[PDB]
Amino acid sequence: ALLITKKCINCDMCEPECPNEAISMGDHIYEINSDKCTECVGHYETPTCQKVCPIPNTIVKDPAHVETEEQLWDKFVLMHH
Ligand code: SF4
Ligand code: SF4
């Protein structure tokens, strides 16, 4: 799953887009919920928030290492048959 890094400049571009509504605003910058991010696997060939992002601030994150079939299985449990 992805993370948004401190360069985020709070443009909201990325929130209406995420197919699994895992992005929200909070304390200082937009935040991605680890639990709900499939890195867009089952919806887009490329992670839709990196796509909209004007700055390139969204990165894979290291304390939330997922293999592609665990991303996949998140997508199927979320959206399902
Ligand atoms: S990579 Fe996809 S699922 Fe994850 S926060 Fe971005 S738009 Fe959402
Ligand atoms: S699109 Fe990029 S700069 Fe704008 S809020 Fe989302 S992560 Fe931050």
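Residues numbered from 1 in each chain as written, not as in the entry; some residues may be left out. Chains lettered and ligands numbered in written order. Heavy atoms only, no water.

What the deposited record gives as its method is X-ray crystallography, and the resolution it gives is 1.65 Å.

(A) Broad picture of the site of ligand 2. Lining the immediate surroundings of ligand 2 are 13 residues, of which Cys 8, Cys 11, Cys 14, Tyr 30 and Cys 53 lie closest. Of the residues belonging to the shell around ligand 2, the class tally is 10 nonpolar, 2 polar and 1 charged. (Near = heavy atom within 4 Å. Nonpolar A, V, L, I, M, F, W, Y, C, P; charged D, E, K, R; others polar.)

(B) Quick peek at a nonpolar patch on the surface. Together, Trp 73, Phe 76 and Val 77 make up an exposed nonpolar region whose accessible area comes to about 340 Å². With respect to the element layout, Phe 76 can be found in helix α2 (residues 68-79). (Patch = residues over 30% accessible without salt bridge, like charges linked within 9 Å, V, L, I, M, F, W, Y side chains within 5 Å. Areas by Shrake-Rupley, 256 points an atom, 1.4 Å probe, with all protein chains shown as cover. Salt bridge = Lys/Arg side-chain N within 4 Å of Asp/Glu carboxyl O. Helix = DSSP H or I, 4+ residues; strand = E, 2+ residues; numbered from the N terminus.)

(C) Structural view of the pattern of salt bridges. Tallied over the entire structure, the rule returns 1 salt bridge. The partner of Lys 51 in a salt bridge is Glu 45, and the shortest N-O contact between them spans 3.4 Å.

(D) The arrangement of the packing of aromatic side chains in detail. Enumeration according to the criterion identifies 0 aromatic pairs in this entry. For the cation-ring pair, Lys 75 lies above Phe 76, with the distance from its terminal atom to the ring centre recorded as 5.5 Å. (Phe/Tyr/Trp six-rings, centres within 6.5 Å; stacked < 30°, edge-to-face > 60°. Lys NZ or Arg CZ within 6 Å of the ring centre and 35° of its normal.)

(E) Examining the UniProt feature "binding site: [4Fe-4S] cluster 1" in the protein chain more closely. Feature annotation in UniProt places "binding site: [4Fe-4S] cluster 1" on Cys 8, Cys 11, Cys 14 and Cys 53, given in this structure's numbering. Taken along the chain, the residues just named run across 46 residues; in space they keep tight, none of their C-alpha pairs more than 10.6 Å apart. Mapped onto the elements, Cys 8 comes out in the loop between β1 (2-4) and β2 (23-24). Once residues within four sequence positions are removed from consideration, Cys 8 is found in contact with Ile 29, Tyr 30 and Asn 57. With respect to the element layout, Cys 11 can be found in the loop between β1 and β2. According to the relative accessible area criterion, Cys 11 is partly exposed, its value standing at 33%. (UniProt positions renumbered as here; feature names shortened; annotations may be inferred. Contact = heavy atoms within 4.5 Å. Buried < 20%, exposed > 50% of the residue type's maximum accessible area, 1.4 Å probe, protein only.)

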